[PDB]
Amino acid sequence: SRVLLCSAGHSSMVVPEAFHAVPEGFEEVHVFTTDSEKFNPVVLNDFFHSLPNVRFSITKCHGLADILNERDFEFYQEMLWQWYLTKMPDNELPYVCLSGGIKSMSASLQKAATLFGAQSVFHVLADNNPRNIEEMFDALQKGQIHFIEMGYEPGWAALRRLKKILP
């Protein structure tokens, strides 16, 4: 049950790229983002509508478009970690791409991966930042997408068990 969890910001192209971090692909892809109006799923909709065997979901941190202070962040992080526990599969650690968002978003998903576990945590760098699916496919033919593996995390079984408190 290959599950990719992705943070997104205002560059939705990190998620189709993340999907190609492994040649097999992913059975599930779940994205967490702010609900800023700058967030755009159009490229995400068309891409995954073209992969009908992929369970795809967008989850927003309701009401928070920009993290600017402590309260914002603790709300973001609470809703993120609930999302992580909910979407991570039961008999297998998830794959997590922390590329999208402001730095606090990437760091909070890194910390969640360290707590609950992840088969791999990675980041994607693109020579020319593909703006579209077709330029992404161009870029990975030329080898201009670079996947940075930053480590397996076992997590803690007692922290995964927090999934029991959730609906």
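All residue numbers refer to positions in the sequence shown, first residue = 1.
Looking at 39-47 and 110-118 together, the entry lists the larger mean B-factor for 39-47, computed on C-alpha atoms. Annotation for residue 129: CA B-factor lies in the middle third of the chain's modelled residues. Per the PDB record, residue ranking by Cα B-factor puts residue 24 in the highest third of the chain. Per-chain ranking of the deposited C-alpha B factor places residue 78 in the lowest third. When the modelled residues of the chain are ordered by C-alpha B-factor, residue 54 sits in the highest third. Among the modelled residues of its chain, residue 30 has a C-alpha B-factor that falls in the middle third, as given in the PDB entry.
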